[PDB]
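First, one chain by itself: the form deposited in one PDB entry, in structure tokens.
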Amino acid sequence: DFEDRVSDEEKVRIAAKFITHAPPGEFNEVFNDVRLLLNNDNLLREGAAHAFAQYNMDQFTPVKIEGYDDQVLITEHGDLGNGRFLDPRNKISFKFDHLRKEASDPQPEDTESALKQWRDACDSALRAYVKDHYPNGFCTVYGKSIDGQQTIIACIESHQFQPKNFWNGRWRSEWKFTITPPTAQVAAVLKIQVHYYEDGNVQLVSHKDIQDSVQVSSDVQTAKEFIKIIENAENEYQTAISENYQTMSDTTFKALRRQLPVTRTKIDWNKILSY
């Protein structure tokens, strides 16, 4: 009934939910579909703008900044408001266009110098770790006072996009600890997404929470310990995923359907129809 019709507010909510669920490397195609389906660019711009930003922060989208060598991750931790984000490695702020995925207008950004040495020490250890362990990985390390507590937040991204082969994948990990000697709780989340869509639509989605402990001493030593914890946990996770793959393949998949009947030949279809 008309009283219970789907409202334009509900339609742009649906549009925004669809964009936020775009696979890695496929934002543009999902956006274009949703745009043509809504058929109302003004409703889309006002009602789904936050979803552009939500997707990029959720995906740890890497972005090149003109003039600066390494890329920075778009995360919730770098959101400075007014469509600007923080690059804490270069200590700059920059405008980010969430649709074109383009950075502009870099300006120096003030840095609370209480975490400068610790953020720099963790960043340098983590950068070496990421280049060693990932094919084209990127990472961003933040330093903030959260609830009066000095915290280090490390974010890692690694994707492989091959749309011409109809697949895309992305790895994201996020690691946190407070600078609280002698022992700090480590909290982490690891995420994998893979999309394959040649004559089909197959997706892997995985998510693991991690709790560990790190010994806090000097900035350089803690950084070393922190990276050791990351390496061990990310190595173990990758192992466990491939072990889950093996069990799915030789236990669950095989139990779902035989390769052939016990006759070890295909079916005699006239014996099937016989009385």
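Just count from 1 along the sequence shown to find any residue number. The term rigid core refers to the most C-alpha atoms you can superpose between the two forms while keeping them within 1.5 Å.
In this entry, the higher average B-factor at the C-alpha atoms falls on 178-186, of the pair 134-142 and 178-186.
When the C-alpha B-factors of 89-97 and 113-121 are averaged, 113-121 comes out higher. Of the residues listed, 201, 107, 165, 149, the entry assigns the biggest Cα temperature factor to 149. Residue 234: CA B factor lies in the lowest third for its chain, per the PDB record.
Among the modelled residues of its chain, residue 48 has a C-alpha B-factor that falls in the highest third, as given in the PDB entry.
When the CA B factors of the chain's modelled residues are split into thirds, the value for residue 64 lands in the highest one. When the modelled residues of the chain are ordered by their C-alpha B factor, residue 33 lands in the lowest third.
Ranked by Cα temperature factor within the chain, residue 21 sits in the middle third according to the deposited record.
There is another form of this protein, the form deposited in another entry, and it is not shown here; the text below is about that form.
For residue 250, a C-alpha deviation of 2 angstroms or more is recorded between this form and the one not shown after rigid-core alignment. The rigid-core alignment places the CA of residue 266 2 Å or more apart between this form and the one not shown.
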